[PDB]
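Notes for the one structure printed next.
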There are 2 protein chains.
Amino acid sequence: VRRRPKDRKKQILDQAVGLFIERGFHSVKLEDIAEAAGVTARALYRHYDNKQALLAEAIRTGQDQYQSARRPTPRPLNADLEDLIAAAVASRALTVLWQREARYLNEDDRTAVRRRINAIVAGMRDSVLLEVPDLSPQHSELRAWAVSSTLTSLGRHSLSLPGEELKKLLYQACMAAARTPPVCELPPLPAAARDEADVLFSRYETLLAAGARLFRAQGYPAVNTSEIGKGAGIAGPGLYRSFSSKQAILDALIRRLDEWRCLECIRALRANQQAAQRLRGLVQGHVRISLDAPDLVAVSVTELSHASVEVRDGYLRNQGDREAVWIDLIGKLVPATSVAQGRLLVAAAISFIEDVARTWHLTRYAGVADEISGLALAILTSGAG
Amino acid sequence: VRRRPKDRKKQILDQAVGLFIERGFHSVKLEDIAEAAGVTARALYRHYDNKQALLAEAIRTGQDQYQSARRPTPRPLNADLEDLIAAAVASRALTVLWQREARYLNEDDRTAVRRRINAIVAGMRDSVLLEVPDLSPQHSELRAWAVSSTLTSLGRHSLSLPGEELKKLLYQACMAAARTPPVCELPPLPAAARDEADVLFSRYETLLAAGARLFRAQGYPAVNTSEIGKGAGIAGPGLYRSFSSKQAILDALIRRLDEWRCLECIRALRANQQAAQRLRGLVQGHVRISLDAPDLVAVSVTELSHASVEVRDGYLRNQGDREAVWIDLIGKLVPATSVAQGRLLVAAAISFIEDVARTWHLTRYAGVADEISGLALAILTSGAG
DNA sequence: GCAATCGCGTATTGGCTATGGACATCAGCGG
DNA sequence: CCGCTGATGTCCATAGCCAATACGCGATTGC
DNA sequence: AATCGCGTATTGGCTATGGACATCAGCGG
DNA sequence: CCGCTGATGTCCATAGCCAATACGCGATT
């Protein structure tokens with residue numbers, strides 16, 4: 001009656017990849033993967049030793065799929081862009097494997113996936129430097145990260161364009177980002193922790209900072225209450241003296257980020273009245289907030305699925321309203337850009353800003369915020385052609 | 001058995017004053033006052049036309065009590081500060097009568113109460129100008145408001161000092177505030193509504209602004225969902241497509257103000273490391289937030305009793321932590337001041353900033369924020385002598 | 001092309017609390 | 001001591017208001 | 001001079017899931 | 001009809017989230 005397909009491992013791996021993409025590593029039970037393949041958990045143990053081994057196999061398979069879709073001597077970015085775009089469109093879902101799921105692996109696998117990502121970014125940087133021969137290494141790295149984040153932003157949503165419109169949009173955005181002239185010399189800053197200790201002036205602030213750091217480093221389901229308490233110097237019952245629960249801490253982080261973004265948007269709107277100056281002010285405020293609180297940005301990017309329904313819905317609605325304001329300004333500045341193209345460009349720019357803000361070594365230069373804002377504005381305005 | 005004291009209306013008025021001070025005018029029923037006076041509700045109608053007449057009588061009685069406590073040619077502030085301080089210490093619980101309960105009266109009674117308050121402030125300004133005869137009208141008005149707000153702050157909490165320490169503290173604070181040299185000139189601002197309209201970029205923002213304005217103008221129990229919907233341009237039931245309930249708007253306003261204050265405090269802490277500059281930066285951030293959002297300040301001052309328990313508790317705890325940071329800085333700068341004196345001075349400065357921020361005609365000058373910050377710092381630092 | 005959403009006026013609806021009429025009782029006074 | 005007209009308490013009910021949630025009606029958008 | 005909540009460190013559950021013996025087919029000779 | 005490969009039954013171990021109880025405070029009425 002029941003037959004062994006002799007390819008059980010491939011089916012189990014495919015189901016695990018799908019479930020990890022959809023719901024996450026901790027929220028997907030082994031029996032869920034087994035049922036998706038019409039087996040039980042002990043069959044998976046017959047095929048894989050551990051659940052973590054299954055996750056590592058899934059992440060490696062996703063990276064191999066991206067590499068195969070990518071399909072030697074470095075060539076100008078204009079020559080390689082079409083291939084890069086095709087690969088990106090085909091692999092849009094799998095971004096979370098390396099970006100979020102890989103967070104849960106052991107040190108060796110994390111180092112391996114980090115090496116793969118760094119090699120990809122280095123190839124993109126080589127292409128960018130071949131496109132513009134006269135560029136400082138920091139500027140070349142920034143433009144390479146801009147191109148990479150623009151290509152990777154497709155995995156943060158489900159929007160698309162009919163026909164070859166999406167490819168044209170991505171090509172224009174990447175080429176405009178790459179060919180942006182430098183705005184400052186970008187000198188390395190002398191190289192903080194004292195300011196970080198000073199800004200934790202209460203037990204509530206210390207617990208909030210410890211929770212945000214632990215959520216960014218490990219993940220919400222993987223952080224104990226005792227870990228947050230130790231970060232604050234107490235036990236978990238101390239955290240429950242200060243908070244109602246850990247979901248309360250997550251909701252507090254999300255609400256704090258939302259309110260800060262709203263305040264910066266209000267200030268930017270009140271400061272300027274013309275379209276260009278207003279868009280520049282909004283981009284500058286977003287960059288400022290992203291650079292000042294990388295942990296909040298990382299939490300909002302990753303752990304949003306574990307927050308309360310009302311908090312998540314409100315945060316998403318407010319972000320959508322601010323993005324709609326951005327799209328209206330973009331459409332005013334560039335009449336050719338439509339609304340779908342506008343939101344695609346806005347998502348790409350936001351992804352670039354957030355990705356650069358989280359990386360530490362990219363933000364160790366004087367006046368890097370101006371460069372980030374200029375690159376984001378170039379990406380947003382690339383719709384002109 | 002039952003006895004009619006023939007002075008029943010005086011006891012009814014006393015109980016009404018006590019209940020109006022303790023809790024809101026809308027939060028006490030006529031049955032509560034009647035029970036406190038040992039009578040039934042219609043017995044009150046035998047002595048008063050309605051509840052609004054009783055409220056007006058209570059407010060007039062409180063103002064008359066303050067006037068009697070105070071008791072010609074104006075005298076220098078140093079020769080009248082003893083009397084004013086005594087009057088304030090005696091009338092501290094009565095202040096809310098002409099500050100919150102006044103909004104529920106008729107137009108004529110509101111104008112009469114405003115006239116009484118303005119006459120008191122004008123007498124204070126005359127005393128201040130007699131003390132320092134080298135001040136422009138704007139500076140004299142600002143210093144008079146500083147003194148009046150210091151006394152009103154003393155009439156805002158339950159803190160006190162043993163013996164004549166409180167009188168000495170208030171005298172020093174008022175004299176330091178009055179004797180502050182002008183920080184800068186105050187040219188009248190050329191005279192927006194355009195900035196008040198574009199910042200409402202979504203239905204949620206419009207509803208929030210309308211709710212805040214209505215709560216400030218009338219009070220939380222006196223505003224129904226119909227007015228908020230009309231301010232947003234929709235029907236009353238349409239408000240629930242964006243909010244869970246009417247209390248959700250108040251909770252959102254309180255949370256927004258708390259997060260904005262927290263962000264400004266964090267920025268001020270990170271900007272400066274020395275004690276004096278750090279305290280100046282904290283005061284400047286508080287002044288900036290108070291001046292930019294007067295409606296939020298008014299809501300937090302008045303309608304806080306109608307918010308959720310958790311939201312109110314969190315807001316109070318965060319404000320207490322920030323004020324504790326202020327008190328630590330004050331104690332570092334001035335070794336003489338103790339913790340309780342620091343609490344009193346911080347309350348005085350905060351009340352001064354909030355009172356000046358809410359008044360519209362006082363803020364129509366160029367660089368008034370610097371003068372407000374200077375006066376607040378003069379109040380806070382006072383205590384060296 | 002058509003069904004699933006989506007705002008948006010209206011329409012109820014279950015408290016809830018100022019008022020209020022009918023009736024009742026103390027107050028001191030004038031024989 | 002005792003009626004005897006003021007003034008001053010109760011007892012129970014009613015009317016209007018005000019969250020908050022039902023409908024139905026249109027217009028739009030994914031399939 | 002009692003009297004008090006205020007933190008603080010264990011303490012004890014209740015509940016999910018990951019992993020695992022024992023039995024179990026199937027699938028090529 | 002047989003020896004290897006895969007599967008299915010329950011089952012237990014153990015971690016993690018909230019309460020609950022314990023003494024000291026150090027300030028409060």
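Starting from 1 in every chain, residues are counted up; chains themselves are A, B, ... following the order of the structure tokens, and ligands are numbered from 1 as listed.
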Within 12 Å of chain C: each chain B residue with its shortest pair, only C-alpha atoms (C1' of nucleotides), as JSON lines:
{"residue": "B:1", "atom": "CA", "partner": "C:26", "partner_atom": "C1'", "distance": 9.1}
{"residue": "B:2", "atom": "CA", "partner": "C:26", "partner_atom": "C1'", "distance": 7.6}
{"residue": "B:3", "atom": "CA", "partner": "C:26", "partner_atom": "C1'", "distance": 6.9}
{"residue": "B:4", "atom": "CA", "partner": "C:26", "partner_atom": "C1'", "distance": 7.0}
{"residue": "B:5", "atom": "CA", "partner": "C:27", "partner_atom": "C1'", "distance": 10.3}
{"residue": "B:6", "atom": "CA", "partner": "C:27", "partner_atom": "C1'", "distance": 9.4}
{"residue": "B:26", "atom": "CA", "partner": "C:17", "partner_atom": "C1'", "distance": 10.3}
{"residue": "B:27", "atom": "CA", "partner": "C:17", "partner_atom": "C1'", "distance": 10.8}
{"residue": "B:28", "atom": "CA", "partner": "C:17", "partner_atom": "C1'", "distance": 10.3}
{"residue": "B:29", "atom": "CA", "partner": "C:17", "partner_atom": "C1'", "distance": 7.6}
{"residue": "B:30", "atom": "CA", "partner": "C:18", "partner_atom": "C1'", "distance": 8.2}
{"residue": "B:31", "atom": "CA", "partner": "C:17", "partner_atom": "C1'", "distance": 9.7}
{"residue": "B:32", "atom": "CA", "partner": "C:17", "partner_atom": "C1'", "distance": 11.8}
{"residue": "B:41", "atom": "CA", "partner": "C:19", "partner_atom": "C1'", "distance": 9.6}
{"residue": "B:42", "atom": "CA", "partner": "C:20", "partner_atom": "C1'", "distance": 8.4}
{"residue": "B:43", "atom": "CA", "partner": "C:20", "partner_atom": "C1'", "distance": 11.9}
{"residue": "B:44", "atom": "CA", "partner": "C:19", "partner_atom": "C1'", "distance": 11.3}
{"residue": "B:45", "atom": "CA", "partner": "C:19", "partner_atom": "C1'", "distance": 9.0}
{"residue": "B:46", "atom": "CA", "partner": "C:20", "partner_atom": "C1'", "distance": 11.7}
{"residue": "B:49", "atom": "CA", "partner": "C:19", "partner_atom": "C1'", "distance": 10.4}
{"residue": "B:50", "atom": "CA", "partner": "C:18", "partner_atom": "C1'", "distance": 8.5}
{"residue": "B:51", "atom": "CA", "partner": "C:18", "partner_atom": "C1'", "distance": 8.2}
{"residue": "B:52", "atom": "CA", "partner": "C:18", "partner_atom": "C1'", "distance": 10.7}
{"residue": "B:203", "atom": "CA", "partner": "C:7", "partner_atom": "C1'", "distance": 11.9}
{"residue": "B:229", "atom": "CA", "partner": "C:8", "partner_atom": "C1'", "distance": 11.8}
{"residue": "B:233", "atom": "CA", "partner": "C:8", "partner_atom": "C1'", "distance": 11.1}
{"residue": "B:234", "atom": "CA", "partner": "C:8", "partner_atom": "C1'", "distance": 7.9}
{"residue": "B:235", "atom": "CA", "partner": "C:9", "partner_atom": "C1'", "distance": 7.3}
{"residue": "B:236", "atom": "CA", "partner": "C:9", "partner_atom": "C1'", "distance": 10.0}
{"residue": "B:237", "atom": "CA", "partner": "C:8", "partner_atom": "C1'", "distance": 9.3}
{"residue": "B:238", "atom": "CA", "partner": "C:8", "partner_atom": "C1'", "distance": 7.4}
{"residue": "B:239", "atom": "CA", "partner": "C:8", "partner_atom": "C1'", "distance": 11.0}
{"residue": "B:240", "atom": "CA", "partner": "C:7", "partner_atom": "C1'", "distance": 11.9}
{"residue": "B:241", "atom": "CA", "partner": "C:7", "partner_atom": "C1'", "distance": 9.1}
{"residue": "B:242", "atom": "CA", "partner": "C:7", "partner_atom": "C1'", "distance": 11.7}
Pick out the residues sitting within 12 Å of residue C:15, and hand them over as a PDB file with N, CA and C atoms (P, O5', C5', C4', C3', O3' and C1' of nucleotides), in the first residue's frame; count only C-alpha atoms (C1' of nucleotides), and ignore anything fewer than 4 positions along from it in its own chain.
ATOM      1  P    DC D  17     -30.279  64.233  23.613  1.00  0.00           P
ATOM      2  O5'  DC D  17     -29.080  63.458  24.331  1.00  0.00           O
ATOM      3  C5'  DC D  17     -28.586  63.929  25.579  1.00  0.00           C
ATOM      4  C4'  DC D  17     -27.375  63.132  26.027  1.00  0.00           C
ATOM      5  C3'  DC D  17     -26.388  62.773  24.925  1.00  0.00           C
ATOM      6  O3'  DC D  17     -25.069  62.907  25.418  1.00  0.00           O
ATOM      7  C1'  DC D  17     -27.164  60.792  25.967  1.00  0.00           C
ATOM      8  P    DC D  18     -23.840  63.110  24.409  1.00  0.00           P
ATOM      9  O5'  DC D  18     -22.975  61.787  24.617  1.00  0.00           O
ATOM     10  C5'  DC D  18     -23.048  61.085  25.850  1.00  0.00           C
ATOM     11  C4'  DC D  18     -22.418  59.714  25.720  1.00  0.00           C
ATOM     12  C3'  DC D  18     -21.632  59.499  24.433  1.00  0.00           C
ATOM     13  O3'  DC D  18     -20.538  58.645  24.686  1.00  0.00           O
ATOM     14  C1'  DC D  18     -23.347  57.921  24.543  1.00  0.00           C
ATOM     15  P    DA D  19     -19.118  58.932  23.999  1.00  0.00           P
ATOM     16  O5'  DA D  19     -18.293  57.597  24.271  1.00  0.00           O
ATOM     17  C5'  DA D  19     -18.429  56.510  23.379  1.00  0.00           C
ATOM     18  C4'  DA D  19     -18.423  55.191  24.119  1.00  0.00           C
ATOM     19  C3'  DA D  19     -17.762  54.055  23.354  1.00  0.00           C
ATOM     20  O3'  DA D  19     -17.155  53.141  24.254  1.00  0.00           O
ATOM     21  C1'  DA D  19     -20.010  53.518  23.707  1.00  0.00           C
ATOM     22  P    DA D  20     -15.963  52.192  23.744  1.00  0.00           P
ATOM     23  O5'  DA D  20     -16.706  51.088  22.857  1.00  0.00           O
ATOM     24  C5'  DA D  20     -17.657  50.220  23.460  1.00  0.00           C
ATOM     25  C4'  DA D  20     -18.517  49.539  22.409  1.00  0.00           C
ATOM     26  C3'  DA D  20     -17.780  49.125  21.136  1.00  0.00           C
ATOM     27  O3'  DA D  20     -17.502  47.724  21.179  1.00  0.00           O
ATOM     28  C1'  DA D  20     -19.996  49.996  20.715  1.00  0.00           C
TER      29       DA D  20
END
Pick out the residues sitting within 10 Å of stretch 58-64 of chain B, and hand them over as a tab-separated table (two decimals) with N, CA and C atoms, in the first residue's frame; count only C-alpha atoms (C1' of nucleotides), and ignore anything fewer than 6 positions along from it in its own chain.
chain	number	residue	atom	x	y	z
B	12	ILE	N	-22.72	71.26	51.83
B	12	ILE	CA	-22.83	70.71	50.49
B	12	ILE	C	-21.73	71.28	49.60
B	13	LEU	N	-21.49	72.59	49.69
B	13	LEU	CA	-20.44	73.22	48.90
B	13	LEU	C	-19.06	72.69	49.29
B	14	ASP	N	-18.82	72.49	50.59
B	14	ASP	CA	-17.53	71.96	51.02
B	14	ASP	C	-17.31	70.55	50.48
B	15	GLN	N	-18.34	69.69	50.58
B	15	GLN	CA	-18.22	68.34	50.05
B	15	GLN	C	-18.02	68.35	48.54
B	16	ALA	N	-18.73	69.24	47.84
B	16	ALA	CA	-18.57	69.35	46.40
B	16	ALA	C	-17.16	69.79	46.03
B	17	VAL	N	-16.60	70.75	46.76
B	17	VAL	CA	-15.23	71.19	46.51
B	17	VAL	C	-14.26	70.03	46.72
B	18	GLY	N	-14.43	69.30	47.82
B	18	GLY	CA	-13.55	68.18	48.09
B	18	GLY	C	-13.61	67.11	47.02
B	20	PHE	N	-14.71	67.45	43.87
B	20	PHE	CA	-14.23	67.97	42.59
B	20	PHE	C	-12.71	68.02	42.55
B	21	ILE	N	-12.08	68.34	43.68
B	21	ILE	CA	-10.62	68.33	43.73
B	21	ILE	C	-10.09	66.90	43.67
B	52	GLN	N	-23.96	72.15	37.27
B	52	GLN	CA	-23.06	73.17	36.75
B	52	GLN	C	-23.02	74.39	37.66
B	70	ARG	N	-4.27	85.56	50.28
B	70	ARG	CA	-3.29	86.56	49.86
B	70	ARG	C	-3.31	87.78	50.78
B	91	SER	N	-3.13	77.29	49.64
B	91	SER	CA	-4.13	76.95	48.62
B	91	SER	C	-3.68	75.91	47.61
B	93	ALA	N	-4.07	72.61	47.10
B	93	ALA	CA	-5.00	71.63	46.56
B	93	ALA	C	-6.10	72.28	45.75
B	94	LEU	N	-6.28	73.58	45.89
B	94	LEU	CA	-7.37	74.28	45.22
B	94	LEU	C	-7.09	74.70	43.79
B	95	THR	N	-5.86	74.54	43.33
B	95	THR	CA	-5.50	75.03	42.00
B	95	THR	C	-6.26	74.39	40.85
B	96	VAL	N	-6.49	73.09	40.93
B	96	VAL	CA	-7.19	72.39	39.86
B	96	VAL	C	-8.60	72.91	39.60
B	97	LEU	N	-9.15	73.68	40.54
B	97	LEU	CA	-10.51	74.18	40.36
B	97	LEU	C	-10.61	75.13	39.17
B	98	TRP	N	-9.64	76.04	39.03
B	98	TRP	CA	-9.64	77.02	37.95
B	98	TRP	C	-8.71	76.64	36.80
B	99	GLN	N	-8.21	75.41	36.80
B	99	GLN	CA	-7.34	74.96	35.72
B	99	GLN	C	-7.96	73.81	34.93
B	101	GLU	N	-11.29	72.09	36.15
B	101	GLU	CA	-12.75	72.13	36.24
B	101	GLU	C	-13.36	73.33	35.52
B	102	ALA	N	-12.56	74.34	35.17
B	102	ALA	CA	-13.11	75.54	34.55
B	102	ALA	C	-13.62	75.27	33.14
B	105	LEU	N	-17.54	74.92	32.49
B	105	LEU	CA	-18.44	76.01	32.82
B	105	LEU	C	-18.96	76.68	31.55
B	109	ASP	N	-18.74	82.38	32.84
B	109	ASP	CA	-17.98	81.95	34.00
B	109	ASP	C	-16.52	81.69	33.63
B	112	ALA	N	-14.83	85.01	33.38
B	112	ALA	CA	-14.58	85.57	34.71
B	112	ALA	C	-13.38	84.91	35.38
B	113	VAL	N	-13.30	83.58	35.30
B	113	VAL	CA	-12.17	82.86	35.89
B	113	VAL	C	-10.86	83.27	35.20
B	116	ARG	N	-9.80	86.64	36.45
B	116	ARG	CA	-9.18	86.58	37.77
B	116	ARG	C	-7.73	86.10	37.67
B	117	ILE	N	-7.50	85.02	36.91
B	117	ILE	CA	-6.15	84.49	36.77
B	117	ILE	C	-5.24	85.52	36.10
Hey, which bits of chain A sit within 9 Å of chain B, and for each residue what's the closest pair of atoms and how far apart in Å (one decimal), counting only C-alpha atoms, rows by chain and increasing number, as a tab-separated table?
residue	atom	partner	partner_atom	distance
A:192	CA	B:270	CA	8.9
A:195	CA	B:270	CA	5.5
A:196	CA	B:270	CA	8.0
A:198	CA	B:269	CA	7.0
A:199	CA	B:266	CA	5.8
A:200	CA	B:266	CA	8.8
A:201	CA	B:325	CA	7.2
A:202	CA	B:321	CA	6.4
A:204	CA	B:318	CA	8.3
A:255	CA	B:259	CA	8.3
A:256	CA	B:259	CA	6.0
A:257	CA	B:259	CA	8.9
A:259	CA	B:256	CA	6.0
A:260	CA	B:260	CA	6.8
A:263	CA	B:260	CA	7.2
A:265	CA	B:199	CA	8.5
A:266	CA	B:199	CA	5.9
A:267	CA	B:199	CA	8.7
A:269	CA	B:199	CA	6.3
A:270	CA	B:195	CA	5.7
A:271	CA	B:195	CA	8.9
A:273	CA	B:195	CA	8.9
A:318	CA	B:204	CA	8.3
A:321	CA	B:202	CA	6.4
A:322	CA	B:201	CA	7.9
A:325	CA	B:201	CA	7.2
* **Which of stretch 99-261 of chain A DSSP labels helix (DSSP H, G or I), written as a ChimeraX atom specification** => /A:99,101-104,107-131,137-156,165-178,193-198,203-217,220-222,225-232,236-242,246-261
* Compile the contact shell of residue D:12 as a PyMOL selection string: residues with an atom at most 12 Å away, counting only C-alpha atoms (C1' of nucleotides), same-chain residues fewer than 3 positions apart removed. => chain C and resi 20-23
Take the residues just selected and output them with C-alpha atoms (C1' of nucleotides) as an mmCIF file, in the first residue's frame.
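The file below, selection_11.cif, is the result:
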data_model
loop_
_atom_site.group_PDB
_atom_site.id
_atom_site.type_symbol
_atom_site.label_atom_id
_atom_site.label_comp_id
_atom_site.auth_asym_id
_atom_site.auth_seq_id
_atom_site.Cartn_x
_atom_site.Cartn_y
_atom_site.Cartn_z
ATOM 1 C "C1'" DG C 20 -38.212 65.808 38.740
ATOM 2 C "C1'" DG C 21 -43.042 64.987 40.565
ATOM 3 C "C1'" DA C 22 -45.381 63.255 44.659
ATOM 4 C "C1'" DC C 23 -45.148 62.882 49.051
#
* For residue D:31, list every protein, DNA or RNA residue within 12 Å, evaluated using only C-alpha atoms (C1' of nucleotides), and leave out those in the same chain fewer than 5 positions away; present the list as a ChimeraX atom specification. => /C:1-4
Selected residues written out with N, CA, C and O atoms (P, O5', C5', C4', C3', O3' and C1' of nucleotides), as a PDB file, in the first residue's frame:
ATOM      1  P    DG C   1     -14.831  40.106 -19.474  1.00  0.00           P
ATOM      2  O5'  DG C   1     -16.301  39.486 -19.609  1.00  0.00           O
ATOM      3  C5'  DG C   1     -17.364  39.988 -18.803  1.00  0.00           C
ATOM      4  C4'  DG C   1     -17.884  38.912 -17.867  1.00  0.00           C
ATOM      5  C3'  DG C   1     -18.891  39.388 -16.839  1.00  0.00           C
ATOM      6  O3'  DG C   1     -19.654  38.281 -16.369  1.00  0.00           O
ATOM      7  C1'  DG C   1     -16.782  39.001 -15.803  1.00  0.00           C
ATOM      8  P    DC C   2     -20.768  38.477 -15.226  1.00  0.00           P
ATOM      9  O5'  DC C   2     -20.032  37.990 -13.893  1.00  0.00           O
ATOM     10  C5'  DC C   2     -19.558  36.649 -13.794  1.00  0.00           C
ATOM     11  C4'  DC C   2     -18.869  36.408 -12.462  1.00  0.00           C
ATOM     12  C3'  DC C   2     -19.618  36.935 -11.235  1.00  0.00           C
ATOM     13  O3'  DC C   2     -19.507  36.002 -10.164  1.00  0.00           O
ATOM     14  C1'  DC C   2     -17.458  37.842 -11.280  1.00  0.00           C
ATOM     15  P    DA C   3     -20.593  35.993  -8.978  1.00  0.00           P
ATOM     16  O5'  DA C   3     -19.711  35.854  -7.649  1.00  0.00           O
ATOM     17  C5'  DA C   3     -19.004  34.644  -7.381  1.00  0.00           C
ATOM     18  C4'  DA C   3     -17.783  34.902  -6.511  1.00  0.00           C
ATOM     19  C3'  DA C   3     -18.079  35.314  -5.073  1.00  0.00           C
ATOM     20  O3'  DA C   3     -17.029  34.867  -4.217  1.00  0.00           O
ATOM     21  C1'  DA C   3     -16.978  37.081  -6.170  1.00  0.00           C
ATOM     22  P    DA C   4     -17.237  34.823  -2.624  1.00  0.00           P
ATOM     23  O5'  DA C   4     -16.057  35.744  -2.055  1.00  0.00           O
ATOM     24  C5'  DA C   4     -14.704  35.298  -2.127  1.00  0.00           C
ATOM     25  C4'  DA C   4     -13.738  36.409  -1.744  1.00  0.00           C
ATOM     26  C3'  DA C   4     -13.952  37.011  -0.357  1.00  0.00           C
ATOM     27  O3'  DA C   4     -12.700  37.367   0.217  1.00  0.00           O
ATOM     28  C1'  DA C   4     -14.241  38.691  -1.994  1.00  0.00           C
TER      29       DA C   4
END
* To do: Pull out every residue of chain D sitting within 8 Å of chain B, counting only C-alpha atoms (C1' of nucleotides), and send them as a PyMOL selection string.
  => chain D and resi 8-10+18
For the interface of chain F with stretch 16-20 of chain E (cut-off 9 Å, counting only C-alpha atoms (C1' of nucleotides)), please tabulate each contacting residue of chain F alongside its nearest pair of atoms and their separation in Å to one decimal, rows sorted by chain and increasing number, as CSV.
residue,atom,partner,partner_atom,distance
F:11,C1',E:20,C1',8.6
F:12,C1',E:20,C1',8.6
F:13,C1',E:19,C1',8.8
* Asked: Once you count only C-alpha atoms (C1' of nucleotides), which residues of chain F turn out to be within 10 Å of chain A? Could you give them as a ChimeraX atom specification?
  -> /F:5-8,15-19
Would you mind exporting the chosen residues as a compact mmCIF listing (two decimals), in the first residue's frame, restricted to N, CA and C atoms (P, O5', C5', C4', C3', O3' and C1' of nucleotides)?
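For reference, result-v8.txt as written:
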# COMPACT_ATOMS: atom_id res chain seq x y z
P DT F 5 21.38 -2.03 3.46
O5' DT F 5 20.32 -0.90 3.10
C5' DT F 5 19.26 -0.60 4.00
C4' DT F 5 18.04 -0.10 3.25
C3' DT F 5 17.53 1.26 3.71
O3' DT F 5 16.89 1.92 2.63
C1' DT F 5 15.90 -0.36 4.19
P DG F 6 17.09 3.50 2.42
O5' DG F 6 15.66 4.12 2.78
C5' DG F 6 15.14 4.02 4.10
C4' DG F 6 13.67 3.66 4.07
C3' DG F 6 12.73 4.69 4.72
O3' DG F 6 11.61 4.91 3.88
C1' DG F 6 12.32 2.56 5.61
P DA F 7 10.56 6.08 4.21
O5' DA F 7 9.73 5.51 5.45
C5' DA F 7 8.39 5.91 5.66
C4' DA F 7 7.69 4.92 6.57
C3' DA F 7 7.00 5.53 7.78
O3' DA F 7 5.62 5.74 7.50
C1' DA F 7 8.17 3.48 8.32
P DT F 8 4.74 6.68 8.46
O5' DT F 8 4.35 5.72 9.69
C5' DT F 8 3.62 4.52 9.45
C4' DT F 8 3.26 3.83 10.75
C3' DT F 8 2.66 4.74 11.83
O3' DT F 8 1.63 4.04 12.52
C1' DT F 8 4.60 3.69 12.67
P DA F 15 17.48 20.86 30.43
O5' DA F 15 17.15 22.24 29.68
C5' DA F 15 17.07 22.27 28.27
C4' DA F 15 15.91 23.12 27.80
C3' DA F 15 15.82 24.50 28.45
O3' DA F 15 15.49 25.46 27.47
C1' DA F 15 13.79 23.33 28.79
P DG F 16 15.92 26.99 27.66
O5' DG F 16 14.53 27.76 27.77
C5' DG F 16 13.51 27.50 26.82
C4' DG F 16 12.17 28.02 27.31
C3' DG F 16 12.24 29.29 28.16
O3' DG F 16 11.17 30.15 27.80
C1' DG F 16 11.09 27.62 29.33
P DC F 17 11.19 31.70 28.21
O5' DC F 17 9.69 31.97 28.69
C5' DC F 17 8.61 31.36 28.00
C4' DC F 17 7.35 31.36 28.84
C3' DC F 17 7.12 32.61 29.67
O3' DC F 17 5.73 32.90 29.72
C1' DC F 17 7.29 30.73 31.11
P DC F 18 5.20 34.40 29.51
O5' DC F 18 4.41 34.69 30.86
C5' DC F 18 5.00 34.34 32.10
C4' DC F 18 4.02 33.61 32.99
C3' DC F 18 3.59 34.39 34.22
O3' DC F 18 2.30 33.97 34.63
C1' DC F 18 4.88 32.53 34.89
P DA F 19 1.22 35.06 35.12
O5' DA F 19 0.94 34.66 36.64
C5' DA F 19 2.02 34.54 37.55
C4' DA F 19 1.81 33.37 38.49
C3' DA F 19 1.57 33.76 39.95
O3' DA F 19 0.59 32.91 40.53
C1' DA F 19 3.41 32.33 39.82
* **Selection near residue F:23, 12 Å with only C-alpha atoms (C1' of nucleotides), sequence-local residues under 5 positions removed, as a ChimeraX atom specification** => /E:7-10
Export of the given selection (N, CA and C atoms (P, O5', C5', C4', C3', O3' and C1' of nucleotides)) as an mmCIF file, in the first residue's frame:
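Contents of part-v1.cif, freshly written:
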data_model
loop_
_atom_site.group_PDB
_atom_site.id
_atom_site.type_symbol
_atom_site.label_atom_id
_atom_site.label_comp_id
_atom_site.auth_asym_id
_atom_site.auth_seq_id
_atom_site.Cartn_x
_atom_site.Cartn_y
_atom_site.Cartn_z
ATOM 1 P P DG E 7 10.767 48.894 43.928
ATOM 2 O "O5'" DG E 7 12.034 48.037 43.465
ATOM 3 C "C5'" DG E 7 12.033 46.625 43.634
ATOM 4 C "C4'" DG E 7 13.306 46.160 44.316
ATOM 5 C "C3'" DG E 7 14.008 44.999 43.624
ATOM 6 O "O3'" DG E 7 15.405 45.037 43.899
ATOM 7 C "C1'" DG E 7 13.228 44.281 45.720
ATOM 8 P P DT E 8 16.493 44.280 42.950
ATOM 9 O "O5'" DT E 8 17.312 43.366 43.966
ATOM 10 C "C5'" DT E 8 16.728 42.875 45.186
ATOM 11 C "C4'" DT E 8 17.146 41.445 45.439
ATOM 12 C "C3'" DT E 8 17.302 40.592 44.181
ATOM 13 O "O3'" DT E 8 18.280 39.560 44.395
ATOM 14 C "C1'" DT E 8 15.668 39.641 45.523
ATOM 15 P P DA E 9 18.879 38.668 43.162
ATOM 16 O "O5'" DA E 9 18.852 37.175 43.728
ATOM 17 C "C5'" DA E 9 19.424 36.892 44.999
ATOM 18 C "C4'" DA E 9 18.807 35.648 45.612
ATOM 19 C "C3'" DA E 9 18.858 34.402 44.731
ATOM 20 O "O3'" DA E 9 19.168 33.262 45.522
ATOM 21 C "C1'" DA E 9 16.622 34.861 45.321
ATOM 22 P P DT E 10 19.827 31.965 44.841
ATOM 23 O "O5'" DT E 10 18.670 31.407 43.885
ATOM 24 C "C5'" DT E 10 18.266 30.048 43.963
ATOM 25 C "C4'" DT E 10 17.271 29.838 45.091
ATOM 26 C "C3'" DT E 10 16.444 28.562 44.984
ATOM 27 O "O3'" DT E 10 16.194 28.038 46.279
ATOM 28 C "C1'" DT E 10 15.004 30.422 44.961
#
